[PDB]
$ cat entry05.cif   # mmCIF, C-alpha atoms
data_input
loop_
_atom_site.label_atom_id
_atom_site.label_comp_id
_atom_site.auth_asym_id
_atom_site.auth_seq_id
_atom_site.Cartn_x
_atom_site.Cartn_y
_atom_site.Cartn_z
CA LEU A 1 -13.36 -24.19 -15.97
CA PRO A 2 -9.69 -23.58 -16.76
CA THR A 3 -7.58 -25.06 -19.49
CA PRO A 4 -4.36 -26.90 -18.56
CA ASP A 5 -2.59 -23.90 -20.10
CA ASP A 6 -4.22 -21.63 -17.51
CA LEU A 7 -2.79 -23.65 -14.62
CA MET A 8 0.59 -23.86 -16.31
CA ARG A 9 0.63 -20.09 -16.85
CA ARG A 10 -0.18 -19.52 -13.18
CA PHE A 11 2.74 -21.79 -12.22
CA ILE A 12 5.11 -19.97 -14.60
CA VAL A 13 4.03 -16.54 -13.31
CA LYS A 14 4.67 -17.71 -9.74
CA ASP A 15 8.13 -18.97 -10.70
CA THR A 16 8.97 -15.68 -12.42
CA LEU A 17 7.99 -13.68 -9.33
CA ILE A 18 10.08 -15.98 -7.14
CA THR A 19 13.02 -15.48 -9.51
CA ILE A 20 12.74 -11.69 -9.39
CA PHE A 21 12.66 -11.83 -5.59
CA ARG A 22 15.69 -14.16 -5.53
CA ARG A 23 17.76 -11.95 -7.82
CA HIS A 24 17.07 -9.01 -5.49
CA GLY A 25 18.31 -10.91 -2.43
CA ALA A 26 14.96 -11.68 -0.83
CA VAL A 27 14.05 -15.01 0.77
CA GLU A 28 10.68 -16.66 1.33
CA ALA A 29 8.81 -16.10 4.62
CA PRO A 30 5.91 -18.25 5.92
CA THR A 31 2.78 -18.56 3.81
CA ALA A 32 -0.27 -17.10 5.53
CA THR A 33 -4.06 -17.04 5.33
CA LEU A 34 -6.24 -14.18 6.60
CA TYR A 35 -9.53 -15.35 8.11
CA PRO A 36 -11.89 -12.33 8.16
CA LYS A 37 -13.79 -11.29 11.27
CA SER A 38 -17.37 -12.47 11.82
CA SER A 39 -18.61 -9.26 13.51
CA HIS A 40 -17.66 -5.62 13.03
CA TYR A 41 -15.58 -5.36 16.22
CA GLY A 42 -14.36 -8.97 16.16
CA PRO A 43 -10.73 -9.80 15.40
CA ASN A 44 -9.28 -10.91 12.09
CA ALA A 45 -7.19 -14.05 12.43
CA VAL A 46 -4.03 -14.93 10.51
CA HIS A 47 -2.78 -18.51 10.16
CA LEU A 48 0.92 -18.91 9.38
CA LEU A 49 2.03 -22.12 7.65
CA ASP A 50 5.21 -22.24 9.71
CA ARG A 51 6.82 -24.74 12.09
CA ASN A 52 4.08 -24.32 14.70
CA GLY A 53 1.08 -23.41 12.55
CA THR A 54 0.87 -20.19 14.56
CA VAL A 55 -2.46 -18.33 14.64
CA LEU A 56 -2.53 -14.63 15.55
CA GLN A 57 -5.58 -12.49 16.32
CA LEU A 58 -5.37 -9.02 14.64
CA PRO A 59 -7.46 -5.88 15.30
CA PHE A 60 -10.90 -5.59 13.76
CA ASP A 61 -9.92 -2.92 11.21
CA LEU A 62 -7.09 -4.95 9.59
CA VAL A 63 -9.15 -6.61 6.86
CA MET A 64 -6.54 -6.20 4.09
CA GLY A 65 -4.20 -8.99 2.97
CA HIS A 66 -1.02 -7.09 3.88
CA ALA A 67 -2.02 -7.58 7.53
CA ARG A 68 -0.43 -11.02 7.11
CA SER A 69 2.97 -9.34 7.22
CA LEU A 70 2.17 -7.73 10.56
CA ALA A 71 1.25 -11.19 11.83
CA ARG A 72 4.64 -12.52 10.75
CA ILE A 73 6.37 -9.61 12.47
CA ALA A 74 4.36 -10.24 15.62
CA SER A 75 5.13 -13.96 15.61
CA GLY A 76 8.91 -13.63 15.81
CA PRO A 77 12.01 -12.63 13.86
CA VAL A 78 11.68 -12.08 10.12
CA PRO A 79 14.31 -11.83 7.37
CA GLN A 80 15.43 -8.35 6.37
CA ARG A 81 14.13 -8.79 2.80
CA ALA A 82 11.30 -11.26 2.43
CA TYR A 83 8.37 -12.32 0.28
CA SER A 84 5.50 -14.56 1.33
CA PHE A 85 2.55 -16.03 -0.53
CA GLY A 86 -0.89 -15.79 0.97
CA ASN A 87 -4.62 -15.48 0.48
CA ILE A 88 -7.77 -14.37 2.30
CA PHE A 89 -10.13 -17.12 3.37
CA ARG A 90 -13.33 -17.35 1.35
CA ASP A 91 -15.85 -20.13 1.91
CA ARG A 92 -15.61 -22.96 -0.60
CA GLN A 93 -19.37 -22.78 -1.14
CA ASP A 94 -18.87 -19.08 -2.02
CA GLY A 95 -16.13 -19.51 -4.62
CA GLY A 96 -13.09 -19.75 -2.37
CA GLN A 97 -9.97 -21.51 -3.68
CA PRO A 98 -8.17 -22.49 -0.46
CA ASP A 99 -5.16 -24.12 -2.16
CA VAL A 100 -4.40 -21.10 -4.39
CA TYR A 101 -2.24 -18.51 -2.63
CA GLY A 102 -2.78 -15.85 -5.25
CA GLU A 103 -1.40 -12.92 -3.26
CA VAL A 104 2.21 -12.09 -2.43
CA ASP A 105 3.57 -9.72 0.21
CA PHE A 106 7.06 -8.21 -0.13
CA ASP A 107 8.61 -6.47 2.87
CA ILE A 108 11.89 -4.93 3.96
CA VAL A 109 12.22 -4.98 7.76
CA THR A 110 15.10 -3.15 9.42
CA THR A 111 16.04 -2.38 13.01
CA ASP A 112 17.74 0.94 12.22
CA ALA A 113 15.85 4.18 11.64
CA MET A 114 18.54 5.94 9.61
CA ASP A 115 17.61 4.72 6.11
CA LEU A 116 13.81 4.53 6.01
CA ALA A 117 13.49 6.50 2.75
CA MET A 118 16.19 4.35 1.14
CA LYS A 119 14.34 1.14 2.01
CA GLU A 120 11.10 2.57 0.62
CA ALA A 121 12.91 3.40 -2.62
CA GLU A 122 14.24 -0.17 -2.70
CA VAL A 123 10.69 -1.54 -2.41
CA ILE A 124 9.66 0.73 -5.28
CA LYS A 125 12.60 -0.57 -7.34
CA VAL A 126 11.51 -4.16 -6.69
CA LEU A 127 8.04 -3.26 -7.96
CA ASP A 128 9.68 -1.70 -11.02
CA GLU A 129 11.49 -4.97 -11.74
CA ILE A 130 8.28 -6.95 -11.32
CA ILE A 131 6.41 -4.81 -13.85
CA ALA A 132 9.36 -5.02 -16.24
CA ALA A 133 9.28 -8.83 -16.16
CA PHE A 134 5.73 -9.35 -17.48
CA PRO A 135 4.13 -8.55 -20.86
CA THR A 136 0.88 -7.29 -19.32
CA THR A 137 2.79 -4.56 -17.46
CA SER A 138 5.85 -3.96 -19.67
CA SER A 139 3.95 -3.07 -22.86
CA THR A 140 1.35 -0.73 -21.35
CA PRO A 141 2.14 2.59 -19.62
CA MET A 142 2.50 2.31 -15.84
CA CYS A 143 3.16 4.80 -13.06
CA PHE A 144 3.89 5.10 -9.36
CA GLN A 145 1.83 7.44 -7.19
CA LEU A 146 3.37 8.48 -3.88
CA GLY A 147 1.78 10.14 -0.87
CA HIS A 148 2.21 10.03 2.89
CA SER A 149 -0.13 9.33 5.79
CA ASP A 150 1.15 12.46 7.54
CA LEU A 151 0.41 14.50 4.41
CA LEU A 152 -3.12 13.08 4.19
CA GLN A 153 -3.79 13.78 7.87
CA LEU A 154 -2.51 17.34 7.49
CA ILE A 155 -4.83 17.82 4.50
CA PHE A 156 -7.71 16.50 6.60
CA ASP A 157 -6.74 19.01 9.30
CA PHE A 158 -6.61 21.83 6.75
CA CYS A 159 -10.05 20.86 5.38
CA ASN A 160 -11.56 20.57 8.90
CA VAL A 161 -12.48 16.90 8.53
CA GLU A 162 -13.21 15.60 12.02
CA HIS A 163 -11.47 12.41 13.11
CA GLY A 164 -13.58 9.26 13.26
CA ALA A 165 -14.80 10.37 9.84
CA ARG A 166 -11.29 10.14 8.37
CA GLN A 167 -11.25 6.34 8.02
CA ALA A 168 -14.33 6.41 5.78
CA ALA A 169 -12.96 9.43 3.93
CA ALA A 170 -9.65 7.65 3.28
CA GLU A 171 -11.48 4.53 2.09
CA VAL A 172 -13.53 6.63 -0.34
CA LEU A 173 -10.48 8.57 -1.56
CA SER A 174 -8.58 5.32 -2.13
CA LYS A 175 -10.96 4.79 -5.07
CA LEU A 176 -10.35 8.22 -6.62
CA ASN A 177 -9.71 8.13 -10.39
CA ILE A 178 -9.76 4.31 -10.32
CA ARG A 179 -12.23 2.42 -12.54
CA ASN A 180 -14.07 5.65 -13.42
CA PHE A 181 -14.57 6.63 -9.75
CA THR A 182 -14.34 10.34 -10.55
CA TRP A 183 -14.33 13.19 -8.06
CA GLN A 184 -18.10 13.62 -8.50
CA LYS A 185 -18.73 10.14 -7.09
CA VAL A 186 -16.13 10.76 -4.38
CA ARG A 187 -18.00 13.91 -3.33
CA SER A 188 -21.35 12.12 -3.44
CA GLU A 189 -20.02 9.38 -1.15
CA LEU A 190 -18.27 11.81 1.21
CA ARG A 191 -21.35 14.01 1.65
CA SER A 192 -23.60 10.99 2.22
CA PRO A 193 -24.89 10.64 5.81
CA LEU A 194 -22.79 7.47 6.14
CA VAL A 195 -19.63 9.60 5.99
CA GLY A 196 -21.17 13.04 6.62
CA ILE A 197 -18.40 15.41 5.57
CA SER A 198 -19.56 18.99 5.09
CA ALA A 199 -19.80 20.55 1.64
CA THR A 200 -17.14 23.15 2.48
CA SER A 201 -14.74 20.44 3.65
CA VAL A 202 -15.25 18.50 0.40
CA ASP A 203 -14.70 21.67 -1.64
CA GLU A 204 -11.45 22.26 0.22
CA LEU A 205 -10.38 18.64 -0.34
CA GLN A 206 -10.97 19.12 -4.07
CA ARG A 207 -8.01 21.52 -4.11
CA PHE A 208 -5.79 18.47 -3.50
CA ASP A 209 -7.30 16.32 -6.31
CA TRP A 210 -4.31 16.25 -8.63
CA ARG A 211 -0.96 14.60 -9.20
CA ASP A 212 2.38 15.94 -10.39
CA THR A 213 6.09 15.29 -10.58
CA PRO A 214 7.82 15.73 -7.20
CA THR A 215 9.34 19.24 -7.42
CA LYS A 216 6.21 20.83 -8.87
CA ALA A 217 3.99 18.91 -6.45
CA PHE A 218 6.02 20.09 -3.45
CA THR A 219 5.78 23.73 -4.51
CA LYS A 220 2.05 23.25 -5.14
CA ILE A 221 1.47 21.78 -1.66
CA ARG A 222 3.51 24.57 -0.08
CA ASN A 223 1.56 27.25 -1.96
CA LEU A 224 -1.70 25.65 -0.86
CA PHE A 225 -0.53 25.71 2.77
CA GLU A 226 1.15 29.14 2.67
CA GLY A 227 -0.25 31.56 5.24
CA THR A 228 -1.40 28.75 7.58
CA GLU A 229 0.16 26.75 10.39
CA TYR A 230 0.36 23.75 8.03
CA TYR A 231 3.12 25.29 5.90
CA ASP A 232 5.66 24.51 8.63
CA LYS A 233 4.00 21.26 9.78
CA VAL A 234 4.39 19.75 6.29
CA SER A 235 8.13 20.39 5.72
CA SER A 236 9.40 17.14 7.27
CA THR A 237 6.97 15.01 5.25
CA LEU A 238 7.89 16.77 2.00
CA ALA A 239 11.60 16.33 2.75
CA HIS A 240 11.06 12.62 3.36
CA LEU A 241 9.23 12.26 0.04
CA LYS A 242 12.03 14.14 -1.72
CA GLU A 243 14.61 11.77 -0.22
CA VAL A 244 12.58 8.77 -1.41
CA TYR A 245 12.46 10.27 -4.91
CA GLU A 246 16.21 10.92 -4.97
CA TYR A 247 16.98 7.35 -3.88
CA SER A 248 14.57 6.05 -6.52
CA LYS A 249 16.53 8.03 -9.11
CA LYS A 250 19.74 6.53 -7.71
CA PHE A 251 18.30 3.01 -8.00
CA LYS A 252 17.42 3.71 -11.66
CA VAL A 253 13.66 3.25 -11.43
CA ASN A 254 12.28 3.39 -14.98
CA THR A 255 8.58 3.87 -14.23
CA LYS A 256 7.34 7.46 -13.95
CA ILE A 257 6.77 8.69 -10.38
CA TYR A 258 4.04 11.17 -9.41
CA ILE A 259 3.17 12.75 -6.07
CA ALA A 260 -0.56 12.38 -5.37
CA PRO A 261 -1.42 14.21 -2.13
CA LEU A 262 -4.71 12.33 -1.64
CA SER A 263 -3.14 8.85 -1.79
CA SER A 264 -5.14 6.77 0.70
CA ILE A 265 -5.01 3.01 -0.01
CA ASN A 266 -4.88 1.18 3.34
CA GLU A 267 -3.90 4.38 5.15
CA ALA A 268 -5.00 2.89 8.49
CA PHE A 269 -2.43 0.14 7.99
CA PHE A 270 0.35 2.57 6.97
CA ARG A 271 -0.05 5.21 9.69
CA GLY A 272 1.89 7.23 9.56
CA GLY A 273 4.36 6.50 6.82
CA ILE A 274 4.82 6.73 3.07
CA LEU A 275 2.04 5.38 0.85
CA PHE A 276 2.59 4.30 -2.71
CA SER A 277 0.57 2.63 -5.42
CA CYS A 278 1.67 1.13 -8.72
CA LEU A 279 -1.03 1.79 -11.32
CA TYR A 280 -1.87 1.19 -14.95
CA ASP A 281 -1.41 4.72 -16.35
CA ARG A 282 -4.36 4.71 -18.75
CA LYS A 283 -7.51 6.65 -19.55
CA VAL A 284 -9.26 4.44 -16.99
CA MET A 285 -6.75 3.84 -14.19
CA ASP A 286 -6.48 0.64 -12.19
CA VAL A 287 -4.33 -0.47 -9.26
CA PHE A 288 -1.61 -3.05 -9.85
CA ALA A 289 -0.16 -3.01 -6.33
CA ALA A 290 -0.08 -0.91 -3.19
CA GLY A 291 2.15 -0.55 -0.17
CA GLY A 292 3.83 1.74 2.28
CA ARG A 293 5.59 1.98 5.61
CA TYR A 294 3.82 0.51 8.65
CA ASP A 295 6.17 1.13 11.59
CA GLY A 296 3.30 2.68 13.53
CA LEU A 297 1.15 -0.45 13.53
CA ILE A 298 4.14 -2.63 14.44
CA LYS A 299 4.88 -0.40 17.43
CA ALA A 300 1.21 -0.11 18.42
CA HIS A 301 0.43 -3.84 18.38
CA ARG A 302 3.72 -5.21 19.70
CA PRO A 303 3.62 -8.07 22.22
CA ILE A 304 3.34 -3.57 26.52
CA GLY A 305 5.13 -3.57 29.86
CA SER A 306 8.19 -5.20 28.31
CA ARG A 307 10.79 -3.29 26.32
CA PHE A 308 11.02 -4.21 22.63
CA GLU A 309 13.64 -3.82 19.92
CA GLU A 310 11.97 -1.28 17.65
CA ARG A 311 11.40 -2.70 14.17
CA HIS A 312 10.59 -0.81 10.97
CA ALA A 313 8.93 -2.28 7.89
CA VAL A 314 8.06 -1.06 4.41
CA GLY A 315 6.43 -3.24 1.80
CA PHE A 316 3.75 -3.90 -0.77
CA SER A 317 1.09 -6.50 -1.47
CA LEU A 318 0.16 -7.78 -4.91
CA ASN A 319 -2.71 -10.00 -6.07
CA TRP A 320 -0.51 -11.73 -8.61
CA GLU A 321 -3.11 -14.30 -9.69
CA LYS A 322 -5.59 -11.53 -10.55
CA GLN A 323 -3.09 -9.28 -12.36
CA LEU A 324 -0.60 -11.66 -13.99
CA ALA A 325 -2.05 -15.16 -14.45
CA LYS A 326 -5.57 -14.48 -15.75
CA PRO A 327 -4.58 -12.92 -19.13
#
$ encode --input "entry05.cif" --output "structure tokens"
Amino acid sequence: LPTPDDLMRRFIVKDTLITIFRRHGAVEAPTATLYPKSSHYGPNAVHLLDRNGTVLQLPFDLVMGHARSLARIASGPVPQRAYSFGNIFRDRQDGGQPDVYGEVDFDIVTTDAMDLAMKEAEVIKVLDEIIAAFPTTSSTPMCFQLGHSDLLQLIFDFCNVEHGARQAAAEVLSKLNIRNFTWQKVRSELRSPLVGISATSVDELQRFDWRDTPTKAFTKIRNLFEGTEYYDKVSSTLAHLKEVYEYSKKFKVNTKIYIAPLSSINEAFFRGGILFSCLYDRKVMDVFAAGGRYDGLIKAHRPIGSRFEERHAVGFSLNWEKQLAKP
């Protein structure tokens, strides 16, 4: 049972987020609700609170709130820089709050392919401004952790992890070093018959369980791949990450930026583009927000025999009610 102050604080937090988005040139896009699938292979629906009340059926593996953005992109044109409030449906009898849209999705959607890294850096800068605006995040140490879906897939190739086991492996690795989910628990879950990754493959993956500043991390990844076919296959990804880092320096991002090669949050959604998480940089880490580039999904689930204007999107999703209005 909340106090009136709790509701007022939630309102004020929402207004502050809206203000930060305004002052960065973004505009509001339709509010959306994600209705989860009822069977494993059944679709996930998204309801947009737009002119038509459009409902879109999404693939069975898109169970994460950021899927709402894909729905918007599938429904029609979207603004270049947009934010949209949303939630995931939970039954009222099971503690759902249907009139609280406690999540927000921020996305930059372009039609040109020439400045993808720049747009990703811009999204990171927006996240930097968000953390700067709130006492919960501005007084405690925070960090950004960057990776790339191509880098993760190449690591899986190097460690001889068979496909069809990589989704479960990415889901497990998305928990690494978060809320005391140490590498020992990661290994125990990866070797379990549910995931069934071999002991040698896990031992090889352990060589990528670290984070570092970009230059050192790039040399480390190269040295790990030296003498194998993956040394050359990785260059383009590393160059892209370097470009993102340089643009982030140009945009004067204050939060520290690490390269974490095993970054995996929502990798299925962001295949194959940059992945980034904004975390509380503490003894026990926790995730503040996550995002990445999801051109691949946009291209794959476009509305087939008709030619389409290729559209690129990078963005993040943040459970702002959980992180900013509960304290």
$ residues_around --input "entry05.cif" --residues "residue 58 of chain A" --least-positions-apart "5" --cutoff "9 Å" --atoms "only C-alpha atoms" --output "tab-separated table (two decimals) with C-alpha atoms, keeping the file's coordinate frame"
chain	number	residue	atom	x	y	z
A	43	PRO	CA	-10.73	-9.80	15.40
A	44	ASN	CA	-9.28	-10.91	12.09
A	45	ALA	CA	-7.19	-14.05	12.43
A	46	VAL	CA	-4.03	-14.93	10.51
A	63	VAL	CA	-9.15	-6.61	6.86
A	67	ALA	CA	-2.02	-7.58	7.53
A	70	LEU	CA	2.17	-7.73	10.56
A	71	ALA	CA	1.25	-11.19	11.83
A	301	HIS	CA	0.43	-3.84	18.38
$ closest_residue --input "entry05.cif" --among "A:138, A:79, A:100, A:233" --to "residue 11 of chain A" --atoms "only C-alpha atoms"
A:100
$ atom_distance --input "entry05.cif" --atom1 "atom CA of residue 282 of chain A" --atom2 "atom CA of residue 215 of chain A"
23.0 Å
$ residues_around --input "entry05.cif" --residues "residue 27 of chain A" --least-positions-apart "5" --cutoff "8 Å" --atoms "only C-alpha atoms" --output "short mmCIF file (atom, residue, chain, number, x, y, z; two decimals) with C-alpha atoms, in the frame of the given file"
data_model
loop_
_atom_site.label_atom_id
_atom_site.label_comp_id
_atom_site.auth_asym_id
_atom_site.auth_seq_id
_atom_site.Cartn_x
_atom_site.Cartn_y
_atom_site.Cartn_z
CA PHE A 21 12.66 -11.83 -5.59
CA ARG A 22 15.69 -14.16 -5.53
CA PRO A 79 14.31 -11.83 7.37
CA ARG A 81 14.13 -8.79 2.80
CA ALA A 82 11.30 -11.26 2.43
CA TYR A 83 8.37 -12.32 0.28
#
$ residues_around --input "entry05.cif" --residues "segment 266-277 of chain A" --least-positions-apart "2" --cutoff "9 Å" --atoms "all atoms listed in the file" --output "PyMOL selection string"
chain A and resi 61-62+64+66-67+117+120+124+143-150+152-153+167+170-171+174+237+240-241+263-264+279+287-297+314+316
$ atom_distance --input "entry05.cif" --atom1 "atom CA of residue 3 of chain A" --atom2 "atom CA of residue 65 of chain A"
27.8 Å
$ closest_residue --input "entry05.cif" --among "A:158, A:118, A:184, A:201" --to "residue 227 of chain A" --atoms "all atoms listed in the file"
A:158
$ atom_distance --input "entry05.cif" --atom1 "atom CA of residue 303 of chain A" --atom2 "atom CA of residue 84 of chain A"
22.0 Å
$ residues_around --input "entry05.cif" --residues "segment 5-9 of chain A" --least-positions-apart "2" --cutoff "12 Å" --atoms "only C-alpha atoms" --output "NGL selection string"
:A and (1-3 or 11-16 or 100 or 134 or 320-321 or 324-327)
$ residues_near_point --input "entry05.cif" --point "(12.2, 7.7, -14.4)" --cutoff "12 Å" --atoms "all atoms listed in the file" --output "list in words"
residues 124, 125, 128, 142, 143, 144, 213, 214, 245, 246, 247, 248, 249, 250, 251, 252, 253, 254, 255, 256, 257 and 258 of chain A
$ residues_around --input "entry05.cif" --residues "residue 310 of chain A" --least-positions-apart "3" --cutoff "12 Å" --atoms "all atoms listed in the file" --output "list in words"
residues 73, 74, 77, 109, 110, 111, 112, 113, 295, 296, 297, 298, 299, 300, 301, 302, 303, 306, 307 and 313 of chain A
$ closest_residue --input "entry05.cif" --among "A:76, A:141, A:102, A:261" --to "residue 155 of chain A" --atoms "only C-alpha atoms"
A:261
$ closest_residue --input "entry05.cif" --among "A:207, A:72, A:119, A:47" --to "residue 88 of chain A" --atoms "all atoms listed in the file"
A:47
$ resolve_selection --input "entry05.cif" --expression "the PyMOL selection byres ((chain A and resi 89) around 8)" --output "list in words"
residues 33, 34, 35, 36, 87, 88, 90, 91, 96 and 98 of chain A
$ decode --input "entry05.cif" --residues "segment 249-263 of chain A" --atoms "N, CA, C and O atoms" --output "PDB file, in the first residue's frame"
ATOM      1  N   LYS A 249      33.394   9.266 -26.893  1.00  0.00           N
ATOM      2  CA  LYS A 249      34.316  10.268 -26.365  1.00  0.00           C
ATOM      3  C   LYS A 249      34.008  11.641 -26.947  1.00  0.00           C
ATOM      4  O   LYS A 249      34.088  12.654 -26.244  1.00  0.00           O
ATOM      5  N   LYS A 250      33.622  11.688 -28.224  1.00  0.00           N
ATOM      6  CA  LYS A 250      33.281  12.965 -28.842  1.00  0.00           C
ATOM      7  C   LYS A 250      32.026  13.561 -28.217  1.00  0.00           C
ATOM      8  O   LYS A 250      31.936  14.780 -28.042  1.00  0.00           O
ATOM      9  N   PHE A 251      31.055  12.721 -27.858  1.00  0.00           N
ATOM     10  CA  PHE A 251      29.818  13.187 -27.244  1.00  0.00           C
ATOM     11  C   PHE A 251      29.963  13.444 -25.749  1.00  0.00           C
ATOM     12  O   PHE A 251      28.963  13.744 -25.085  1.00  0.00           O
ATOM     13  N   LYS A 252      31.179  13.328 -25.214  1.00  0.00           N
ATOM     14  CA  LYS A 252      31.477  13.640 -23.819  1.00  0.00           C
ATOM     15  C   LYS A 252      30.616  12.812 -22.860  1.00  0.00           C
ATOM     16  O   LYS A 252      29.912  13.337 -21.997  1.00  0.00           O
ATOM     17  N   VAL A 253      30.692  11.494 -23.027  1.00  0.00           N
ATOM     18  CA  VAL A 253      30.057  10.568 -22.094  1.00  0.00           C
ATOM     19  C   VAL A 253      30.910  10.484 -20.834  1.00  0.00           C
ATOM     20  O   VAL A 253      32.111  10.199 -20.900  1.00  0.00           O
ATOM     21  N   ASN A 254      30.294  10.735 -19.679  1.00  0.00           N
ATOM     22  CA  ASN A 254      31.041  10.772 -18.426  1.00  0.00           C
ATOM     23  C   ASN A 254      31.215   9.401 -17.793  1.00  0.00           C
ATOM     24  O   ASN A 254      32.230   9.156 -17.133  1.00  0.00           O
ATOM     25  N   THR A 255      30.253   8.506 -17.977  1.00  0.00           N
ATOM     26  CA  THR A 255      30.315   7.191 -17.357  1.00  0.00           C
ATOM     27  C   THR A 255      31.405   6.334 -17.998  1.00  0.00           C
ATOM     28  O   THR A 255      31.609   6.361 -19.216  1.00  0.00           O
ATOM     29  N   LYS A 256      32.105   5.568 -17.164  1.00  0.00           N
ATOM     30  CA  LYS A 256      33.168   4.697 -17.649  1.00  0.00           C
ATOM     31  C   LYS A 256      32.602   3.631 -18.579  1.00  0.00           C
ATOM     32  O   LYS A 256      31.486   3.149 -18.383  1.00  0.00           O
ATOM     33  N   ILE A 257      33.373   3.280 -19.608  1.00  0.00           N
ATOM     34  CA  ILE A 257      32.948   2.343 -20.644  1.00  0.00           C
ATOM     35  C   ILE A 257      33.937   1.187 -20.699  1.00  0.00           C
ATOM     36  O   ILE A 257      35.132   1.395 -20.938  1.00  0.00           O
ATOM     37  N   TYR A 258      33.434  -0.028 -20.508  1.00  0.00           N
ATOM     38  CA  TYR A 258      34.199  -1.258 -20.610  1.00  0.00           C
ATOM     39  C   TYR A 258      33.742  -2.052 -21.826  1.00  0.00           C
ATOM     40  O   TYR A 258      32.609  -1.924 -22.289  1.00  0.00           O
ATOM     41  N   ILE A 259      34.633  -2.902 -22.320  1.00  0.00           N
ATOM     42  CA  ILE A 259      34.298  -3.901 -23.325  1.00  0.00           C
ATOM     43  C   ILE A 259      34.195  -5.237 -22.606  1.00  0.00           C
ATOM     44  O   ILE A 259      35.167  -5.695 -21.994  1.00  0.00           O
ATOM     45  N   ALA A 260      33.016  -5.847 -22.639  1.00  0.00           N
ATOM     46  CA  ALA A 260      32.805  -7.165 -22.039  1.00  0.00           C
ATOM     47  C   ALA A 260      32.457  -8.156 -23.139  1.00  0.00           C
ATOM     48  O   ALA A 260      31.309  -8.172 -23.622  1.00  0.00           O
ATOM     49  N   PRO A 261      33.393  -9.021 -23.541  1.00  0.00           N
ATOM     50  CA  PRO A 261      33.162  -9.862 -24.730  1.00  0.00           C
ATOM     51  C   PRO A 261      31.990 -10.822 -24.602  1.00  0.00           C
ATOM     52  O   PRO A 261      31.437 -11.235 -25.626  1.00  0.00           O
ATOM     53  N   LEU A 262      31.578 -11.180 -23.390  1.00  0.00           N
ATOM     54  CA  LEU A 262      30.477 -12.109 -23.192  1.00  0.00           C
ATOM     55  C   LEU A 262      29.148 -11.402 -22.933  1.00  0.00           C
ATOM     56  O   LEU A 262      28.231 -12.015 -22.376  1.00  0.00           O
ATOM     57  N   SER A 263      29.031 -10.125 -23.301  1.00  0.00           N
ATOM     58  CA  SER A 263      27.750  -9.430 -23.191  1.00  0.00           C
ATOM     59  C   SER A 263      26.680 -10.174 -23.983  1.00  0.00           C
ATOM     60  O   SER A 263      26.890 -10.515 -25.150  1.00  0.00           O
TER      61      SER A 263
END
